[PDB]
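Below you will find one chain, with nothing else, as structure tokens; this is the form deposited in one PDB entry, and questions on how it binds or moves follow later.
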């Protein structure tokens, strides 16, 4: 499968995804890394790995469908089969999500359904859980609510800050995100017609 990775920041998940697609027997390859923001470290990581990049400034569009269409155009340009959201911070419009249904995955730093939203760690610390984690899920219209592919629990240590908890969780993300990409790229895991996840 030909894969596109959308990012909005440091792209901490890129290295693990990139290495994985280059290990023996990978069913995927990363052909383009797209950012909605210029000058973020994720772009350099892509370049250094020898992967083409594109910056599509969401602030230059009228609305989300417009912005999403500009992304869809590049995805078509690179005949992309699967899209991975890695620290991508723009909520996508229904038409784009429907078009990529079953082919777009996101990594989220909590054990969904708990702590949906971009400040998952802050919520975890505020709620007082001793166990949190990360989740890779197919992207649905509803934010952080698509079908779950894999999850990994991570302990929260007393005195953790957002920074320390975040770092520990990223280590789990680096394990399940690449694994989930392989499962979908190999056709091993699919979003069934009944909208439920199915393992072949």
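Positions refer to the first chain, counted from 1. Here, rigid core means the biggest group of C-alpha atoms that superpose within 1.5 Å across both forms. Residues that one form lacks are left out of the comparison.
Although not depicted, the form deposited in another entry is the subject of the following passage.
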Yes/no, residue 160 Cα shift of 2 Å or more between the shown form and the other one with rigid core fixed: yes
C-alpha of residue 60 moved at least 2 Å between the shown form and the other one on rigid core: yes
After core alignment, residue runs (3 or more) whose Cα moves 2 Å or more between the shown form and the other one: 58-62, 157-164
